[PDB]
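Source file: start_19.cif. Holds: mmCIF, C-alpha atoms.
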```cif
data_work
#
loop_
_atom_site.label_atom_id
_atom_site.label_comp_id
_atom_site.auth_asym_id
_atom_site.auth_seq_id
_atom_site.Cartn_x
_atom_site.Cartn_y
_atom_site.Cartn_z
CA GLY W 29 -16.91 -0.13 16.61
CA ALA W 30 -15.68 -3.09 14.46
CA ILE W 31 -16.27 -6.76 15.51
CA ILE W 32 -13.29 -9.06 14.85
CA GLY W 33 -12.51 -12.68 15.88
CA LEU W 34 -9.24 -14.66 15.50
CA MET W 35 -7.40 -11.74 13.79
CA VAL W 36 -3.86 -12.58 12.63
CA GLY W 37 -0.95 -10.16 13.20
CA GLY W 38 -2.94 -7.03 12.20
CA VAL W 39 -3.05 -3.34 13.13
CA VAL W 40 -6.19 -1.76 14.67
CA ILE W 41 -6.67 1.96 15.40
CA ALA W 42 -9.97 1.83 17.36
CA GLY B 29 -19.51 -1.29 12.37
CA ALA B 30 -18.02 -4.09 10.18
CA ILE B 31 -18.32 -7.82 11.15
CA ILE B 32 -15.22 -9.91 10.41
CA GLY B 33 -14.17 -13.53 11.19
CA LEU B 34 -10.72 -15.18 10.81
CA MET B 35 -9.13 -12.06 9.22
CA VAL B 36 -5.55 -12.55 8.01
CA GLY B 37 -2.89 -9.87 8.55
CA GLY B 38 -5.13 -6.86 7.88
CA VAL B 39 -5.40 -3.25 9.01
CA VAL B 40 -8.66 -1.96 10.58
CA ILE B 41 -9.48 1.66 11.42
CA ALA B 42 -12.78 1.16 13.32
CA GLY E 29 -22.00 -2.49 8.12
CA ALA E 30 -20.26 -5.07 5.85
CA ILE E 31 -20.30 -8.85 6.68
CA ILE E 32 -17.04 -10.68 5.92
CA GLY E 33 -15.74 -14.25 6.56
CA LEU E 34 -12.20 -15.65 6.09
CA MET E 35 -10.82 -12.35 4.64
CA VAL E 36 -7.21 -12.52 3.45
CA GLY E 37 -4.78 -9.65 4.08
CA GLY E 38 -7.25 -6.80 3.56
CA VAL E 39 -7.77 -3.28 4.90
CA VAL E 40 -11.10 -2.28 6.50
CA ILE E 41 -12.20 1.24 7.46
CA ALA E 42 -15.47 0.41 9.29
CA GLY F 29 -24.40 -3.68 3.78
CA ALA F 30 -22.39 -6.01 1.46
CA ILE F 31 -22.16 -9.83 2.09
CA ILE F 32 -18.73 -11.37 1.40
CA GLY F 33 -17.18 -14.86 1.86
CA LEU F 34 -13.55 -15.97 1.32
CA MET F 35 -12.41 -12.53 0.02
CA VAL F 36 -8.79 -12.36 -1.13
CA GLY F 37 -6.59 -9.36 -0.32
CA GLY F 38 -9.25 -6.67 -0.76
CA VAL F 39 -10.08 -3.28 0.74
CA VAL F 40 -13.49 -2.61 2.36
CA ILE F 41 -14.81 0.78 3.45
CA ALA F 42 -18.05 -0.32 5.19
CA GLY K 29 -26.69 -4.66 -0.76
CA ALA K 30 -24.37 -6.73 -3.01
CA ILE K 31 -23.74 -10.51 -2.52
CA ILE K 32 -20.32 -11.79 -3.67
CA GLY K 33 -18.58 -15.15 -2.92
CA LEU K 34 -14.88 -16.08 -3.44
CA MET K 35 -14.01 -12.50 -4.58
CA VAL K 36 -10.43 -12.02 -5.75
CA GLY K 37 -8.45 -8.93 -4.80
CA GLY K 38 -11.30 -6.39 -5.16
CA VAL K 39 -12.36 -3.18 -3.43
CA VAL K 40 -15.84 -2.89 -1.85
CA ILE K 41 -17.41 0.34 -0.60
CA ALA K 42 -20.53 -1.11 1.10
CA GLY U 29 13.59 -18.86 -0.16
CA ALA U 30 11.57 -15.63 -0.44
CA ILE U 31 13.02 -12.12 0.28
CA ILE U 32 10.53 -9.79 2.01
CA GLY U 33 10.77 -6.26 3.46
CA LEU U 34 8.34 -4.70 5.96
CA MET U 35 5.65 -7.42 5.72
CA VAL U 36 2.66 -6.62 7.94
CA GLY U 37 0.84 -9.14 10.15
CA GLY U 38 1.37 -12.02 7.70
CA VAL U 39 1.77 -15.77 7.83
CA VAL U 40 4.75 -17.41 6.07
CA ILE U 41 5.29 -21.16 5.90
CA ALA U 42 9.04 -21.08 5.02
CA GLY D 29 12.48 -17.04 -4.91
CA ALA D 30 10.18 -13.97 -4.90
CA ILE D 31 11.35 -10.44 -3.91
CA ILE D 32 8.66 -8.39 -2.12
CA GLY D 33 8.58 -4.89 -0.55
CA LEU D 34 6.04 -3.58 2.01
CA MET D 35 3.56 -6.48 1.62
CA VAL D 36 0.38 -6.04 3.67
CA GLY D 37 -1.31 -8.80 5.66
CA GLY D 38 -0.28 -11.55 3.27
CA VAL D 39 0.26 -15.28 3.22
CA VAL D 40 3.39 -16.64 1.51
CA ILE D 41 4.29 -20.31 1.10
CA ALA D 42 8.03 -19.79 0.28
CA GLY P 29 11.29 -15.11 -9.45
CA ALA P 30 8.74 -12.26 -9.26
CA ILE P 31 9.62 -8.70 -8.09
CA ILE P 32 6.76 -6.94 -6.25
CA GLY P 33 6.44 -3.54 -4.52
CA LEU P 34 3.76 -2.51 -1.97
CA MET P 35 1.51 -5.56 -2.54
CA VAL P 36 -1.74 -5.45 -0.56
CA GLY P 37 -3.27 -8.39 1.27
CA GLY P 38 -1.96 -10.96 -1.15
CA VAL P 39 -1.18 -14.64 -1.33
CA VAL P 40 2.08 -15.71 -3.02
CA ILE P 41 3.22 -19.27 -3.64
CA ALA P 42 6.93 -18.48 -4.42
CA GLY X 29 9.99 -13.08 -13.94
CA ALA X 30 7.22 -10.46 -13.58
CA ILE X 31 7.82 -6.91 -12.21
CA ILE X 32 4.82 -5.44 -10.35
CA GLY X 33 4.24 -2.17 -8.47
CA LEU X 34 1.45 -1.48 -5.94
CA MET X 35 -0.58 -4.65 -6.70
CA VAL X 36 -3.82 -4.81 -4.75
CA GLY X 37 -5.21 -7.91 -3.08
CA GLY X 38 -3.73 -10.31 -5.61
CA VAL X 39 -2.59 -13.89 -5.88
CA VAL X 40 0.77 -14.64 -7.54
CA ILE X 41 2.19 -18.06 -8.32
CA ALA X 42 5.84 -16.98 -8.99
CA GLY C 29 8.43 -11.01 -18.55
CA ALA C 30 5.57 -8.62 -17.74
CA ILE C 31 5.95 -5.09 -16.25
CA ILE C 32 2.82 -3.87 -14.39
CA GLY C 33 1.92 -0.74 -12.38
CA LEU C 34 -0.94 -0.42 -9.85
CA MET C 35 -2.72 -3.69 -10.83
CA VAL C 36 -6.00 -4.19 -9.01
CA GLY C 37 -7.17 -7.46 -7.55
CA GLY C 38 -5.41 -9.64 -10.10
CA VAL C 39 -4.02 -13.13 -10.43
CA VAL C 40 -0.60 -13.49 -12.11
CA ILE C 41 1.23 -16.70 -12.95
CA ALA C 42 4.77 -15.24 -13.42
CA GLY Z 29 23.94 -3.13 -4.12
CA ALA Z 30 22.37 0.36 -3.66
CA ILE Z 31 24.39 3.65 -3.15
CA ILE Z 32 22.46 6.40 -1.25
CA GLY Z 33 22.62 10.05 -0.15
CA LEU Z 34 20.10 11.85 2.13
CA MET Z 35 17.30 9.20 2.04
CA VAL Z 36 14.75 9.78 4.81
CA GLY Z 37 13.56 6.82 6.95
CA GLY Z 38 13.10 4.38 4.02
CA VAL Z 39 13.29 0.59 3.44
CA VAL Z 40 15.76 -0.97 0.98
CA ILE Z 41 16.12 -4.59 -0.21
CA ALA Z 42 19.26 -4.23 -2.42
CA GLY V 29 21.95 -0.84 -8.22
CA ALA V 30 19.94 2.34 -7.38
CA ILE V 31 21.65 5.78 -6.81
CA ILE V 32 19.55 8.26 -4.75
CA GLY V 33 19.49 11.89 -3.54
CA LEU V 34 16.93 13.44 -1.12
CA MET V 35 14.21 10.73 -1.35
CA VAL V 36 11.55 11.12 1.37
CA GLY V 37 10.29 8.05 3.28
CA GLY V 38 10.27 5.66 0.31
CA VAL V 39 10.69 1.92 -0.30
CA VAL V 40 13.30 0.64 -2.76
CA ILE V 41 13.89 -2.84 -4.15
CA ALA V 42 17.05 -2.13 -6.23
CA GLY I 29 19.58 1.76 -11.94
CA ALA I 30 17.33 4.74 -10.98
CA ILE I 31 18.77 8.27 -10.24
CA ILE I 32 16.47 10.50 -8.10
CA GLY I 33 16.17 14.04 -6.68
CA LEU I 34 13.50 15.29 -4.21
CA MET I 35 10.97 12.42 -4.60
CA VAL I 36 8.24 12.52 -1.92
CA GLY I 37 7.13 9.30 -0.19
CA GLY I 38 7.35 7.03 -3.25
CA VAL I 39 8.07 3.35 -3.98
CA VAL I 40 10.80 2.37 -6.45
CA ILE I 41 11.65 -1.00 -7.98
CA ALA I 42 14.77 0.03 -9.98
CA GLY Y 29 17.06 4.37 -15.54
CA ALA Y 30 14.60 7.16 -14.52
CA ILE Y 31 15.77 10.74 -13.59
CA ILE Y 32 13.29 12.70 -11.39
CA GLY Y 33 12.74 16.14 -9.83
CA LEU Y 34 9.97 17.09 -7.33
CA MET Y 35 7.67 14.05 -7.82
CA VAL Y 36 4.89 13.84 -5.21
CA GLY Y 37 3.93 10.49 -3.66
CA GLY Y 38 4.40 8.36 -6.80
CA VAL Y 39 5.39 4.77 -7.65
CA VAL Y 40 8.21 4.10 -10.12
CA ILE Y 41 9.33 0.87 -11.77
CA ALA Y 42 12.38 2.18 -13.70
CA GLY G 29 14.77 6.81 -19.36
CA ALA G 30 12.10 9.30 -18.17
CA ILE G 31 12.95 12.92 -17.06
CA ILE G 32 10.25 14.54 -14.85
CA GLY G 33 9.43 17.88 -13.16
CA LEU G 34 6.63 18.57 -10.60
CA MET G 35 4.52 15.41 -11.22
CA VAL G 36 1.67 14.99 -8.68
CA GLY G 37 0.70 11.58 -7.35
CA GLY G 38 1.50 9.56 -10.50
CA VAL G 39 2.67 6.04 -11.32
CA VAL G 40 5.56 5.70 -13.78
CA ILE G 41 6.91 2.65 -15.56
CA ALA G 42 9.89 4.27 -17.35
CA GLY A 29 -3.32 15.78 17.11
CA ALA A 30 -3.09 13.29 14.22
CA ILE A 31 -3.52 9.49 14.80
CA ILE A 32 -1.21 7.30 12.71
CA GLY A 33 -0.65 3.52 12.60
CA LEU A 34 2.29 1.71 10.94
CA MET A 35 3.80 4.80 9.25
CA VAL A 36 6.92 3.96 7.22
CA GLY A 37 10.01 6.19 7.08
CA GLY A 38 8.05 9.44 7.43
CA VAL A 39 8.57 12.91 8.85
CA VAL A 40 5.96 14.43 11.20
CA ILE A 41 6.05 18.03 12.45
CA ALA A 42 3.52 17.72 15.34
CA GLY Q 29 -7.22 15.46 13.79
CA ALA Q 30 -6.64 13.08 10.83
CA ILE Q 31 -6.76 9.24 11.25
CA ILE Q 32 -4.28 7.29 9.08
CA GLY Q 33 -3.45 3.56 8.76
CA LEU Q 34 -0.36 2.06 7.07
CA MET Q 35 0.94 5.33 5.55
CA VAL Q 36 4.06 4.86 3.41
CA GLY Q 37 6.94 7.35 3.37
CA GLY Q 38 4.79 10.37 4.12
CA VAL Q 39 5.10 13.82 5.58
CA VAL Q 40 2.42 15.04 8.03
CA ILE Q 41 2.14 18.54 9.48
CA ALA Q 42 -0.46 17.87 12.24
CA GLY S 29 -10.97 14.97 10.46
CA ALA S 30 -10.12 12.82 7.40
CA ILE S 31 -9.98 8.97 7.63
CA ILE S 32 -7.35 7.28 5.43
CA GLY S 33 -6.28 3.63 4.94
CA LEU S 34 -3.07 2.41 3.23
CA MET S 35 -1.98 5.82 1.87
CA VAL S 36 1.16 5.71 -0.28
CA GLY S 37 3.85 8.39 -0.19
CA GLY S 38 1.49 11.18 0.75
CA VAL S 39 1.56 14.56 2.39
CA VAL S 40 -1.19 15.48 4.90
CA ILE S 41 -1.73 18.91 6.46
CA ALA S 42 -4.31 17.97 9.17
CA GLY R 29 -14.64 14.43 7.00
CA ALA R 30 -13.56 12.45 3.90
CA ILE R 31 -13.15 8.61 3.98
CA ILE R 32 -10.38 7.23 1.75
CA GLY R 33 -9.05 3.70 1.10
CA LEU R 34 -5.75 2.77 -0.60
CA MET R 35 -4.90 6.31 -1.83
CA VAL R 36 -1.75 6.51 -3.94
CA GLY R 37 0.73 9.38 -3.72
CA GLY R 38 -1.83 11.96 -2.67
CA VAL R 39 -1.98 15.24 -0.80
CA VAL R 40 -4.80 15.82 1.74
CA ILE R 41 -5.65 19.10 3.46
CA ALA R 42 -8.05 17.79 6.17
CA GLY L 29 -18.30 13.85 3.36
CA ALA L 30 -16.77 12.04 0.36
CA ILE L 31 -16.20 8.22 0.26
CA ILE L 32 -13.33 7.11 -2.02
CA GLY L 33 -11.74 3.73 -2.85
CA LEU L 34 -8.34 3.15 -4.51
CA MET L 35 -7.77 6.81 -5.56
CA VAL L 36 -4.66 7.44 -7.66
CA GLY L 37 -2.42 10.46 -7.23
CA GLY L 38 -5.14 12.78 -6.00
CA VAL L 39 -5.50 15.95 -4.00
CA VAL L 40 -8.40 16.08 -1.49
CA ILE L 41 -9.61 19.06 0.55
CA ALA L 42 -11.71 17.17 3.18
#
```

Output the structure of this file as structure tokens.
Amino acid sequence: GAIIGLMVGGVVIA
Amino acid sequence: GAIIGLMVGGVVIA
Amino acid sequence: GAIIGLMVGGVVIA
Amino acid sequence: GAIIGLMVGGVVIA
Amino acid sequence: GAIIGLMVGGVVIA
Amino acid sequence: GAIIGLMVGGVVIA
Amino acid sequence: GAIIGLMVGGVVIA
Amino acid sequence: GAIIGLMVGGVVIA
Amino acid sequence: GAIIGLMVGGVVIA
Amino acid sequence: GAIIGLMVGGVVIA
Amino acid sequence: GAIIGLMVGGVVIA
Amino acid sequence: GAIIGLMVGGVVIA
Amino acid sequence: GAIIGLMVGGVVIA
Amino acid sequence: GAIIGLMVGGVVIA
Amino acid sequence: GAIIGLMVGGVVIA
Amino acid sequence: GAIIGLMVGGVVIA
Amino acid sequence: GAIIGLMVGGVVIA
Amino acid sequence: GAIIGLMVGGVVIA
Amino acid sequence: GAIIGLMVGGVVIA
Amino acid sequence: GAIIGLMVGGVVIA
């Protein structure tokens, strides 16, 4: 999938 | 997928 | 995929 | 893919 | 692909 | 200050 | 100040 | 100040 | 001030 | 001041 | 402020 | 302010 | 302000 | 302001 | 202001 | 069925 | 089915 | 199915 | 299927 | 299928 570090407040479907 | 660091507030489908 | 650092507020499909 | 630093507010399909 | 730094507000397909 | 509706995931200094 | 509806992912100093 | 609808990903000083 | 609809990714001083 | 619809990626002083 | 009939699910600043 | 009939799902600043 | 019938999903500043 | 019938999905400043 | 029937997907300043 | 994140004000038949 | 992020005001049959 | 980010006001059959 | 970012006001069959 | 960024008002079969 996606690779994300230190994300702020977001929305993720995954 | 996508590679993202320190993202602010976003939306990600992944 | 795409390579992104310090993104502000965006949307990503990935 | 694309290489991006310090992007403001955008949308990315990736 | 494309190389862009300090992009403002854009859209990127990548 | 600022008036905001339905802000997603943000940061606000306030 | 500013009046904002449905802002995504943002940063606001306010 | 400014009046804004549906702003994506932004930064606002306000 | 300014009136804006559906602004993408922007920065606004306001 | 200015009236704007669907502005992409901009910067506005307002 | 605002005066409303039969709005579905919305958001209002008023 | 705004006067509304039968709007679906919207956002309103008014 | 604005007067509306049968709008679908929209955003309104008014 | 604006007067509308059967608009789909739009954005309106009015 | 503007008077509209059966518009699809638009943006309107009015 | 359908997969939806952060839907505003909508209607879904499902 | 369909995959949707941050939909505003919509209708979905699903 | 379809993949959609940040859709405004829409209708989707799915 | 189709991949869509930041679609305004649309209709999608999917 | 199709890849689309920032589409305005459209209809898509997908």

Tell me, as a ChimeraX atom specification, which residues lie within 9 Å of residue 39 of chain P, counting all atoms listed in the file; anything in the same chain fewer than 4 positions away does not count. /E:36-37 /F:36-37 /D:38-41 /X:37-41

With C-alpha atoms retained, write the just-selected residues as a short mmCIF file (atom, residue, chain, number, x, y, z; two decimals), in the coordinates of the input.
```cif
data_model
loop_
_atom_site.label_atom_id
_atom_site.label_comp_id
_atom_site.auth_asym_id
_atom_site.auth_seq_id
_atom_site.Cartn_x
_atom_site.Cartn_y
_atom_site.Cartn_z
CA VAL E 36 -7.21 -12.52 3.45
CA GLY E 37 -4.78 -9.65 4.08
CA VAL F 36 -8.79 -12.36 -1.13
CA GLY F 37 -6.59 -9.36 -0.32
CA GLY D 38 -0.28 -11.55 3.27
CA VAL D 39 0.26 -15.28 3.22
CA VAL D 40 3.39 -16.64 1.51
CA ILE D 41 4.29 -20.31 1.10
CA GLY X 37 -5.21 -7.91 -3.08
CA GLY X 38 -3.73 -10.31 -5.61
CA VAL X 39 -2.59 -13.89 -5.88
CA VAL X 40 0.77 -14.64 -7.54
CA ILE X 41 2.19 -18.06 -8.32
#
```

Polymer residues at most 9 Å from residue 31 of chain P, all atoms listed in the file, same-chain spacing of 3 or more positions, as a PyMOL selection string: (chain D and resi 30-33) or (chain X and resi 29-33) or (chain V and resi 41) or (chain I and resi 41)

Atom CA of residue 34 of chain K to atom CA of residue 42 of chain W, straight-line distance in Å: 27.9 Å

Provide the atom CA of residue 35 of chain U to atom CA of residue 35 of chain D distance in Å, to one decimal place. 4.7 Å
